[PDB]
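Line by line, the protein sequences give chains A and B.
Here the UniProt record's numbering is used: the first residue of the first sequence is 282, the next is one more, and so on.
Here the UniProt record's numbering is used: the first residue of the second sequence is 282, the next is one more, and so on.
Protein chains: 2
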Amino acid sequence: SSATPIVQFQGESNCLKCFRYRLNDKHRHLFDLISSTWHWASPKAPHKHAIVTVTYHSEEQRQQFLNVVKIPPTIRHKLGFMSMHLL
Amino acid sequence: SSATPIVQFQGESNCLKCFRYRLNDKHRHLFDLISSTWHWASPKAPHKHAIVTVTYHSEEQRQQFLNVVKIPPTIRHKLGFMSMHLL
Numbered sequence: 282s283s284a285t286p287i288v289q290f291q292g293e294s295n296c297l298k299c300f301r302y303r304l305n306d307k308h309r310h311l312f313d314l315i316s317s318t319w320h321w322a323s324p325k326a327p328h329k330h331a332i333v334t335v336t337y338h339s340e341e342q343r344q345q346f347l348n349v350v351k352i353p354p355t356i357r358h359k360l361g362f363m364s365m366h367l368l
Numbered sequence: 282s283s284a285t286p287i288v289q290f291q292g293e294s295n296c297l298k299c300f301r302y303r304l305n306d307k308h309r310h311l312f313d314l315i316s317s318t319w320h321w322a323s324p325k326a327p328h329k330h331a332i333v334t335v336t337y338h339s340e341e342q343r344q345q346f347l348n349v350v351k352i353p354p355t356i357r358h359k360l361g362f363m364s365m366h367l368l
């Protein structure tokens, strides 16, 4: 509706980029969009890890992704939402 | 000995870079030198993977490395030697 379900992955950039490659290789059907690697700039930031945002068509698809995909321990993930208007 | 034991790792470069940092953080004293990622240039190349070279002080250290380190699934490895002179 007004909100798109997302998972944000956080970690060191190369490990994250490796993970992104893996998702694109094997799990393209379990998510919608996936971003390039990014971070929060400047010392005014919540953390300084690299970040990849992955979006889903629905909360069901996000849950199916989380049930299937093995997230490496060195990559943290957080669920949330962003305005669908932003895509 | 005039030959240095090596392990060559092959895969997607961000995966190899992630692996390299993991090696340096958790297994630094089970290998000697570690290269940057490289590949074979031009159309003649035997493959198109990126590559990392890891050297060892001795065959005993290499075996201990292989006994202990869990090599991630994006990455293939081969064992061999290179002239010590080249280091």
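Quick reminder that beta carbons are idealized off the backbone N, C-alpha and C, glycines included.
Is residue 349 (chain B) helix, strand or coil by DSSP?
-> If you number the second sequence from 1, residue 349 (chain B) lands on position 68. DSSP places residue 349 (chain B) in helix when its eight states are reduced to three.
Please report how far the alpha carbon of residue 348 (chain B) lies from the alpha carbon of residue 308 (chain B), in whole angstroms.
-> Within the second sequence, numbered from 1, the residue matching residue 348 (chain B) stands at position 67. Within the second sequence, numbered from 1, the residue matching residue 308 (chain B) stands at position 27. Taking the straight line joining both Cα atoms gives about 12 Å.
Cβ-Cβ distance between residue 290 (chain B) and residue 338 (chain B) below 8 Å | Walking along the second sequence from the start, residue 290 (chain B) turns up at place 9. Walking along the second sequence from the start, residue 338 (chain B) turns up at place 57. Contact: no.
Out of A:304, A:295, A:312, A:284, point me to the one whose CA is closest to residue 352 (chain A)'s CA.
-> Against the first sequence, residue 352 (chain A) aligns to sequence position 71. Cα-wise, what sits closest to residue 352 (chain A) is A:304.
The beta strand (DSSP E) with residue 364 (chain B) in it runs from where to where?
-> Locating residue 364 (chain B) in the second sequence gives position 83, where the first residue counts as 1. Where residue 364 (chain B) is concerned, the enclosing beta strand (DSSP E) stretches over 357-364.
For the putative contact between residue 333 (chain B) and residue 312 (chain B), defined by C-beta atoms under 8 Å, what is the C-beta separation to the nearest angstrom?
-> Start at 1 with the first residue of the second sequence, and residue 333 (chain B) comes out as number 52. Start at 1 with the first residue of the second sequence, and residue 312 (chain B) comes out as number 31. 11 Å between Cβ atoms; not a contact.
Within its chain, find whatever has a CB closer than 7 Å to the CB of residue 297 (chain A); leave out the 5 residues flanking it on each side and keep chain order.
-> Counting from one through the first sequence, the residue named residue 297 (chain A) turns up at place 16. Only 290, 318, 331, 333, 356 meet the Cβ criterion.
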